[PDB]
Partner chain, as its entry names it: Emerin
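The chain below stands alone and is given in structure tokens; this is the form deposited without its partner chain.
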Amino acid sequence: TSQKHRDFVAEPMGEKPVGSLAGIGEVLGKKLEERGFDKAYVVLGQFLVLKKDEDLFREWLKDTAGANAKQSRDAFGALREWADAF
């Protein structure tokens, strides 16, 4: 199961790795780690630097991590939900 939406939002981000964010696979996490998005805090940062736009974060995550629709959407929802919480 990839039901890690709950585990990410029931505590703060902190020094959490990128692969801990929902939709960030073990393969995606490598393509993301070499660009300097090694932690889930760095992806949160990019999403805020994009003003939390859904299809701009999803456009960048495709243009960089090589993400698919389910991966890019599950990642955005997890960031949006965590922003909506803390």
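Just so we're on the same page, rigid core means the largest C-alpha set that superposes within 1.5 Å between forms. Shifts are known only where both forms have a C-alpha. Residue numbers count along the first chain shown, from 1.
The form solved in complex with its partner chain exists for this protein as well; it is not shown, and the discussion that follows is about that form.
With a 4.5 Å cutoff on heavy atoms, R35 counts as touching its partner chain in the deposited complex.
In the deposited complex, its partner chain stays beyond 4.5 Å of every heavy atom belonging to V27.
The closest heavy atom approach of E54 to its partner chain in the deposited complex falls outside 4.5 Å. Counting a residue when any of its non-hydrogen atoms is within 4.5 Å of its partner chain in the deposited complex, there are no hits in 4 to 22. Against the superposed rigid core, the only consecutive-residue run (3 or more long) showing CA movement of at least 2 Å between this form and the one not shown spans 1 to 3.
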